[PDB]
Every structure is written in structure tokens, then in C-alpha cells.
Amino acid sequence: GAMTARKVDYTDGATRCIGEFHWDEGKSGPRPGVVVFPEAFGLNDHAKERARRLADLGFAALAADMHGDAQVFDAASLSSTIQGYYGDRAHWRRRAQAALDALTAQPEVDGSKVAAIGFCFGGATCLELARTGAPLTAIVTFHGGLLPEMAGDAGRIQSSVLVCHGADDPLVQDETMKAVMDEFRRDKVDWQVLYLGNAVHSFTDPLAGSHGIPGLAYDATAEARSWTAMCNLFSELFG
């Protein structure tokens, strides 16, 4: 019947992280692995549920702890450490790589077949990680607040890229989306961008409206369609 989950301790320098690894015990042997990067709030029920859903699709999934000590922040207390990441992208990248290493350390994971998904800040985190040249098959971002690349990033992405974007999301500027697409074009990345009408930021979270942060709202249609697009990409590229 049910999927199983277990805590995974890992480190990034002096920071101790506690992720949660989801897999189907009913399935035997190595299988594709997915890192799930949460929203800025941190490792929360939303991210863990997405990892569970991935285990139910036949994957081994690690819900990542970016902040360390499984810390969760509310809207008020958040800028430390989110600005920490934007102001030091090398540090941000190492923290993401630590999660990918923790995934690949699990014996249920086929290390040759790994991907990453992420939500909001976690979506941005997927793209940062891909830009290091990590050996990812695919990344999928969900309402990710993507950044333009750093000098030296050109040509490094090895993964397929699917960006699922809320078409009315006020937190992501048109100019940024165009710049990122132009990077993908330049490098001939295997890329897609799916614009989801009537969707804003955090469209995948039924609690999106609970934070009192403007520009965040749930849209079940966008959640379903983006998840299906992700599922299709993984089925195409794995197995």
C-alpha cells in the first residue's frame, strides 16, 4: 500500500541538514532519484507531500533541507536567510549540491538517473544547481523566481529544463523570463516554458493565500497541469 519516508542527515560545511527521503518499499532495486527543493519557508508539509507523490510514481525522492536543522520560517522572519542565498550564489549552490549528494547516497537511487524539482525559491535553486553542470537528467521549476545566470555559467546546464510559470505572477518580471529563455536558446538546452493562465505565485500550494503575502494564490488547474507536464517529462527521459 503506502509510501514510506525516513530522515536523512547530511552536511554542507558546518551546517547540518535533515532531509526526508520518500520511496516505495513495494518496489525493489535502484530507481530514478528526485531532489525536491521547498519554498523559502523551508522544509514543510507541502514539500514532503510532493516527495510522497513522487515515490508513488516510482521515484526515490528527497525533500531537501536548505536552511539547516530542518528550520522553517514564516513570512515575517524570512529575509535572513533568503538574501543570504541571493547575495552569495556560490554558497546557495553548495547547499543545493549537498541535497543532491544526500539523494545519490541512498541505495535505492540510480545515480545516473537523477532530477530536481522545486517550488518558488526551490525552483530558483534547481536552476542554480543545474548551472553548476551537475549531472541532472531534468529540472522542473514550479512558480520559480528565477535569476539571470552568473558570468561563467554559459554552456553548463546538462539537464532538460521545464519551467512551469504562473502567467500573472507579479513577483517574476517579463525581462527576467526573456533573459533566461535567451540563455537556454544560446546554449541549445533541451528546454520548455509552460505559461499557465490565471495563475500567480505559489500556485501549487492550497495554503498560498494563508501567508498574507501579496501575489500568492493557489490554482488547482495550474497545479494539476504543471504536475502532469513534470510527470510526462520524467517518463520520457527515464526508463
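Start at 1 with the first residue shown and count on from there.
- Per the PDB record, is the mean Cα temperature factor higher over 25 to 33 or over 189 to 197? Going by the record's values, the stretch with the higher mean is 25 to 33.
- Task: Could you check which stretch, 72 to 80 or 90 to 98, carries the larger mean CA temperature factor in the entry?
- Result: Per the PDB entry, the higher value belongs to 72 to 80.
- Item | Candidate residues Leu62, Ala47, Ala55, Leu171, the one whose C-alpha B factor the record puts highest | That would be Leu171.
- Candidate set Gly152, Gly166, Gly118, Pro107 [ranked by C-alpha B-factor, highest]: Highest C-alpha B-factor among the listed residues goes to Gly152.
- Query: Going by what the PDB entry lists, where does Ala51 fall on CA B-factor within its chain: lowest, middle or highest third?
  - Reply: As the PDB entry reports it, the C-alpha B-factor of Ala51 lands in the lowest third of its chain.
- Select lowest, middle or highest to describe the third in which the CA B-factor of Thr4 falls within its chain in this entry. It belongs to the highest third of the chain when residues are ordered by C-alpha B-factor.
- Query: Taking the entry's C-alpha B-factors for this chain, is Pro38 in the lowest, middle or highest third?
  - Reply: Bottom third by C-alpha B-factor.
- Message: By the recorded C-alpha temperature factor, relative to the other modelled residues in its chain, which third is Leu129 in?
- Response: For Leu129, whose C-alpha B-factor we compare with every modelled residue in the chain, the answer is the middle third.
- Looking at the entry's B-factor column for C-alpha atoms only, identify whether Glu223 ranks in the lowest, middle or highest third of its chain. It falls in the bottom third of the chain.
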